[PDB]
Each structure stands twice: as C-alpha cells, then as structure tokens.
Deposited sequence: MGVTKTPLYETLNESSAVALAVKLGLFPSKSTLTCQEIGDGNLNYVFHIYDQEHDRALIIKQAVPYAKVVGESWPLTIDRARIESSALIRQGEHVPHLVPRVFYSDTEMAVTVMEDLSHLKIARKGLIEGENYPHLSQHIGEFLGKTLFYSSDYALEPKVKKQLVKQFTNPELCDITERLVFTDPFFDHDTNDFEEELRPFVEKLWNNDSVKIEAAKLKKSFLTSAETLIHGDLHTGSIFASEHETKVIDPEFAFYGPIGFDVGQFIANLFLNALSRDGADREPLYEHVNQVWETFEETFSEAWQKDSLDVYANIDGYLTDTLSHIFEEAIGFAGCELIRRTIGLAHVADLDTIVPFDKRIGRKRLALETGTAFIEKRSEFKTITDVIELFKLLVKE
C-alpha cells in the first residue's frame, strides 16, 4: 500500500526528491486541524498531507489539489500555486503563505483588510462562473461533476449546516442560556421547511464547482493580498453557497464587534456582493457558450436566483456556527458571558430572518439594513 504518513524528515526528503530544493532545510509541522498535517519547509514550501485517523477518507487530498489547480486557472493571484500533487500519498505541495494571516484571526484582532471583499468577490465570480454550464460544454461539465463528487465532505455539510442545528440533535453545542431561543427555532415549522429546501438545493443543484467551506478561517489576508485555501469540501453544488457562507462569516465578525467598529464589515458584505455580481456578469458577457445568454433579462433573473439562495445559505451558516458542533472564534470569544449570549441570540434571529425573508430582499443593501435593525 503506497500511502505512508509523513514526518518532518520525510517531508524534507520528498521536497528534495521533487527538485524543489538543492538541498540545508528546516521543517516544522504547523497544521491546526486533526485530519491533515501541514509541513513548512524553509525560499520556502508547504506540504499538506491528509491523515486517515488510524474518520475521513484521504481522497479529499485529490479533490483539494484538483480544486486548487482549477481555481488557479482563472484566479492564480488569489490561490496558492501548486507545485506537485499525489493522490496515493494524499499530498499537495504548494506555495508558502506564512507572510499572511488567516482572515478570521486578523479580523478579531481588529484588522480591516480594505481589499478583502474586492478580492473575494473576484474569486467568487470567476471560480463560480468558469466551472458552470454557462462556461463549459455540457459533456465536459458532466465529467467534472463525476471527478469532484465528494460524498463524505458533503455529508458533513448536509448534517452540520442544513440539518442538526434545526432539531434537538446530539452534535449541537450551545449554552443553556440560549435554550429558550434555540427551542423557538426548533418549533418554527415555516423556517424549517425553508431550511429543508435550501438543503435540497445543496443535495441536488450541480451548478458549478464550489469551494464548499469558504469562511474567514479558510482565507489568508494582509493589507494588500488575499488567498483562498483548503478547498477540501469542493464539489458541484449551488452557485449561491460559497457567496452565502462568506457573507455570513462577515456578519459573524460584525456581531463580535461594537458600534462603529462594525462598519468595515458591513462595507465588506456590500462590496463582495457588488464585486461578485460585476465579475460574474463580465465573465457571462465575454465567455458564455449559451445561446440564451444575451436575451435581455436572463442574466438579471439568474443573478436574482443566486442572490436569494446566497441569503438563505448565509442564514443557515449564521445559525449553524452559533449552536451547532462547529463554532466560530468571533462569537465564542466575546466577553462578558452575558454579552456573548446576547450576540449569539442575535446570530440566531438574523439567520432565521435571512432564511425566511431571502426572496423579499431586492439588493444587498436591504440585507445589510435589515441586519443592522435587528442587531441595534
């Protein structure tokens, strides 16, 4: 069996064997998860390897490499370069981005990252367009669907984002002071029917190759640079999903802040939708293969559908990150405790509003303005 877990030594040996170094090197394992090692080798390099836990298939490393390379074809400046990949060893050798900070960390420290939304909006519009039926011959697209089928990672999302938070399930994790509001959600038939439909779309709508986990902890940032990483959840899913999960995580950071310190984030939500729409639209007009593409009003109705699902998926992400298994540092580190519970209540209520009202919003401004009203 060809798979063997690497260490700092064999990681160095792999790097030299690839001719990526002469080589005089030091290696430190710097990963923060329990299912991947990330080896930093210092010119520098990163080698990421999936571990079986021996649980989750090491096949996600094939998806991740393939996803990163595909993203690199259209937005090379917004993803790490890949130098080597191997499915059997479950390895991706890629560009070192140690000079950057994970965006969630920076944002909690109070960095504002002026270009974050412009860069992520571009990432969203080009990646989501160029792997769609709008951009690709349909027989080609259908092969990519097979190639990026991701049953085990999709299973995590289907459960965590779309199901468990809405019921009294074992995976949930919330303070007992939130229970009155949590049980309010559980008893809300109409929001749950809506969460069901959004889930159905997640299950069935193979529109493009999505990132599948595009939150602020999956992005590197500094003043001038942005890089998206860790596309292990990539599969063919709804266009609105990456847009919505990103947006929710900007709202999650706003909720961790107070007063006028929230404005940079509200500005990020506006600018990211704006940039997504502009970017998707330029691509659509330049590169669409569809005979229907140029019919007046078709791009518009298409964007309206993506906008609506995006808001619904943001609602689920807001709710999921508050009371489910996998939380965010933005909410969990708010102090004092009573203030934390207050803001977590607001994440629940705004997420609910987003799900229920998603088709009523006409612009991103309506979304921002409604959120601001609720969180006053």
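Engineer: Deposited sequence versus model: which ranges have no CA atoms?
Structural biologist: Model skips 1-6, 30-31, 51-55, 68-74, 397 of the deposited chain.
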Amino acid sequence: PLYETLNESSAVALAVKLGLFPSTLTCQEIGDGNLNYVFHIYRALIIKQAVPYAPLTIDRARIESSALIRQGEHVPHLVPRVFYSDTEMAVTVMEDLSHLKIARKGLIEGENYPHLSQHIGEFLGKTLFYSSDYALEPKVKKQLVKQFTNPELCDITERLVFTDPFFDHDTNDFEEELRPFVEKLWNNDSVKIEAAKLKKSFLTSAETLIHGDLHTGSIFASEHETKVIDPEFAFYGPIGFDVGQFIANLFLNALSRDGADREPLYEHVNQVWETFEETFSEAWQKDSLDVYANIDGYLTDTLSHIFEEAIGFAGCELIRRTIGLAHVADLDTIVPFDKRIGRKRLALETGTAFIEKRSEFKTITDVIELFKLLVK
From here on, numbers count along this sequence of modelled residues.
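Engineer: Does at least a third of the other compared PDB entries (those resolving both flanking residues) leave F337 without coordinates?
Structural biologist: In all of the other entries, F337 has coordinates.
Engineer: Would you say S23 is missing from a third or more of the other compared entries?
Structural biologist: Yes, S23 lacks coordinates in at least a third of the other entries compared.
Engineer: Can you let me know which of the two, 176-184 or 224-232, has the higher average C-alpha B-factor in the entry?
Structural biologist: Stretch with the greater average CA B-factor: 176-184.
Engineer: When the C-alpha temperature factors are averaged for each of 206-214 and 102-110, which stretch ends up with the higher value in the entry?
Structural biologist: Going by the record's values, the stretch with the higher mean is 102-110.
Engineer: Looking at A347, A310, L45, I323, which has the highest Cα B-factor in the entry?
Structural biologist: Within the set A347, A310, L45, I323, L45 shows the top C-alpha B-factor.
Engineer: Name the residue from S281, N249, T87, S132 with the greatest C-alpha temperature factor listed in the entry.
Structural biologist: Out of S281, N249, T87, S132, the record gives the largest C-alpha B-factor to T87.
Engineer: Can you tell me which third, lowest, middle or highest, the CA B-factor of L373 falls into for its chain?
Structural biologist: Lowest third, going by the recorded CA B-factors of the chain.
Engineer: With respect to C-alpha B-factor, does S9 fall in the lowest, middle or highest third of the chain as deposited?
Structural biologist: Highest third - that is where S9 ends up once the chain's C-alpha B-factors are sorted.
Engineer: When the deposited Cα B-factors of this chain's modelled residues are ordered and cut into thirds, is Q71 in the lowest, the middle or the highest one?
Structural biologist: Highest third.
Engineer: Should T352 be placed in the lowest, middle or highest third of its chain by the C-alpha B factor in the entry?
Structural biologist: Lowest third - that is where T352 ends up once the chain's C-alpha B-factors are sorted.
Engineer: Pull the Cα B-factor of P264 out of the PDB entry and bin it into the chain's lowest, middle or highest third.
Structural biologist: Tercile = middle for this residue's CA B-factor.
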